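**Student:** Structure for the following, please:
(one chain, ligands or ions: 2)
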Amino acid sequence: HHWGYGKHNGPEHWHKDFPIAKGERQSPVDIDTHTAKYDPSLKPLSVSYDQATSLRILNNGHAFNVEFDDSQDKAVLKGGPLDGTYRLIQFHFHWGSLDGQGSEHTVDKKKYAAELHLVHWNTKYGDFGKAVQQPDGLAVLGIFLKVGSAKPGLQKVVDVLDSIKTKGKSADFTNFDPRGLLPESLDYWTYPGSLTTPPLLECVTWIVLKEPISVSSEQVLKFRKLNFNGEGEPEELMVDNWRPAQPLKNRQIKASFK
Ligand SMILES: COc1ccc(N(C(=O)C#C[Si](C)(C)C)[C@H](C(=O)NCc2ccccc2)c2ccc(S(N)(=O)=O)cc2)cc1Cl
Ligand SMILES: [Zn+2]
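**Tutor:** Residues are numbered from 1 along each chain as shown. Ligands and ions are numbered 1, 2, ... in the order given. Here you go:
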């Protein structure tokens with residue numbers, strides 16, 4: 001009886017094993033576009049992914065994770081609200097059963113079909129496991145997906161999903177360029193929050209891009225053919241792996257743009 005997204009183990013249950021679920025800086029949140037304040041002191045965001053080294057893709061039973069070599073400064077996030085250098089370690093998505101839900105953040109209560117999280121850790125803490133113990137340990141770049149035109153830079157991900165259908169399966173995933181998943185604009189909202197899965201640690205600087213990327217219906221359909229279960233277990237489609245919006249409490253969402 002471990003955590004997940006079902007009726008019996010989903011987000012309303014997590015607080016029993018992870019009491020920080022009801023904490024002061026939980027994620028995701030609703031982004032109220034009329035309450036977020038433009039902050040002219042926010043520096044521009046620096047996404048430096050030209051030397052990114054992807055290694056592997058893994059079905060972890062919750063989502064699929066594309067992992068990078070983070071043993072040197074090869075793909076880094078800097079600037080915006082961040083002090084110092086954050087190294088890309090992995091990305092993953094959250095998505096829905098239907099096009100009208102799937103994102104974790106919402107924008108004026110609007111739910112997108114999916115959300116991409118590009119996870120980075122603060123290199124002043126030396127490794128990812130130390131960085132998650134610090135209030136400024138992580139920076140997650142959140143990008144919304146809407147269903148429309150295909151995203152060409154997503155298709156290499158979609159085409160490998162058949163090879164990692166079940167929990168615990170991995171596949172070699174070299175030479176993938178995460179620059180193909182970005183929208184044109186790097187305009188963003190930022191706030192202090194948490195991991196959106198157990199252990200729900202309050203270690204994240206959230207940077208959520210305003211502009212969604214477009215993916216095709218056929219692209220998201222292939223996400224929804226994944227399984228939460230292991231090989232040889234009863235099939236449970238990997239859908240609706242999103243945590244809903246948490247109370248904003250004593251926090252301010254800042255906008256990089258007027
Ligand atoms: C979609 O589901 C995901 C996605 C990511 C991960 N994470 C890791 O597996 C890691 C690592 Si690694 C050294 C085995 C490559 C991150 C994670 O679990 N962080 C906690 C932790 C604590 C100590 C040591 C290691 C990890 C984590 C990171 C970001 C988020 S999110 N959704 O962006 O807020 C959540 C969890 C977990 C799940 Cl269940
Ligand atoms: Zn996530």
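
**Student:** Bridged to residue 227, which residues?
**Tutor:** Beta bridges link residue 227 to residue 237 when assigned by DSSP bridges.

**Student:** Surely it and residue 167 touch.
**Tutor:** Yes - shown here, residue 227 and residue 167 form a contact pair, counting by Cβ atoms under 8 Å, at 6.9 Å. In short, each C-beta sits where N, CA and C put it, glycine included.

**Student:** Need the residues touching each of these two.
**Tutor:** Here residue 227 and residue 167 have residue 59 as joint contacts, going by Cβ atoms under 8 Å, 6 or more residues apart in numbering.

**Student:** which SS state does the residue nearest to residue 78 when sequence neighbours are not counted fall under?
**Tutor:** Once flanking residues are discounted, residue 78 sits nearest to residue 46: 4.2 Å by Cβ to Cβ, 6 or more residues apart in numbering. Of the three states, residue 46 takes strand according to DSSP: H, G, I helix; E, B strand; the rest coil.

**Student:** Run through the residues that contact residue 46.
**Tutor:** 76, 77, 78, 79, 80.

**Student:** Enumerate the residues of the stretch 101-250 of the chain near ligand 1.
**Tutor:** Within the stretch 101-250 of the chain, the positions near ligand 1 by Cβ under 6 Å from any ligand atom are 117, 119, 128, 129, 132, 140, 195, 196, 197, 199.

**Student:** PyMOL command for the buried members of these?
**Tutor:** Those of these that count as buried under 16 or more other Cβ atoms under 10 Å are selected in PyMOL with:
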select buried, resi 117+119+128+132+140+195+196+197
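
**Student:** Format the residues of the stretch 101-250 of the chain next to ligand 1 as CSV; extra columns: secondary structure and distance to residue 244.
**Tutor:** Converted to CSV, these look like this (DSSP: H, G, I helix; E, B strand; the rest coil; distance: Cβ to Cβ, whole Å):
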residue, secondary structure, distance to residue 244
117, strand, 16
119, strand, 20
128, helix, 26
129, helix, 28
132, coil, 22
140, strand, 17
195, coil, 15
196, coil, 10
197, coil, 13
199, coil, 18
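
**Student:** need the residues of the stretch 101-250 of the chain next to ligand 1 in a markdown table with distance to residue 214, can you?
**Tutor:** Shown next, in a markdown table, are these (distance: Cβ to Cβ, whole Å):
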| residue | distance to residue 214 |
| --- | --- |
| 117 | 18 |
| 119 | 23 |
| 128 | 31 |
| 129 | 36 |
| 132 | 32 |
| 140 | 21 |
| 195 | 27 |
| 196 | 23 |
| 197 | 26 |
| 199 | 33 |
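
**Student:** With respect to residue 27, which of the residues of the stretch 101-250 of the chain next to ligand 1 is nearest?
**Tutor:** residue 196 (5.1 Å; Cβ to Cβ).

**Student:** ok, and the closest non-adjacent residue to that closest one?
**Tutor:** residue 243 (4.6 Å).

**Student:** so what's the one you found up against?
**Tutor:** 11, 27, 28, 94, 104, 196, 197.

**Student:** would it count as being in a helix?
**Tutor:** No - under three-state DSSP, residue 243 sits outside any helix and is assigned coil.

**Student:** how near is it to residue 222?
**Tutor:** 23 Å (Cβ to Cβ, to the nearest Å).

**Student:** close enough to count as contact, residue 244 and residue 14?
**Tutor:** No - at 11.4 Å, residue 244 does not count as touching residue 14 under the criterion of Cβ under 8 Å.

**Student:** hmm, back to that, neighbour-wise, give me the winner out of the contacts of residue 46.
**Tutor:** residue 77 (24 neighbours; other Cβ atoms under 10 Å).

**Student:** is it true that it touches residue 89?
**Tutor:** No - Residue 77 is beyond contact range of residue 89, at 11.0 Å (criterion: Cβ under 8 Å).

**Student:** Identify the contacts common to those two.
**Tutor:** In contact with both residue 77 and residue 89: residue 120, using Cβ under 8 Å, 6+ apart.

**Student:** dump the residue contacts of residue 45.
**Tutor:** 77, 79, 80, 186, 188, 207, 256.
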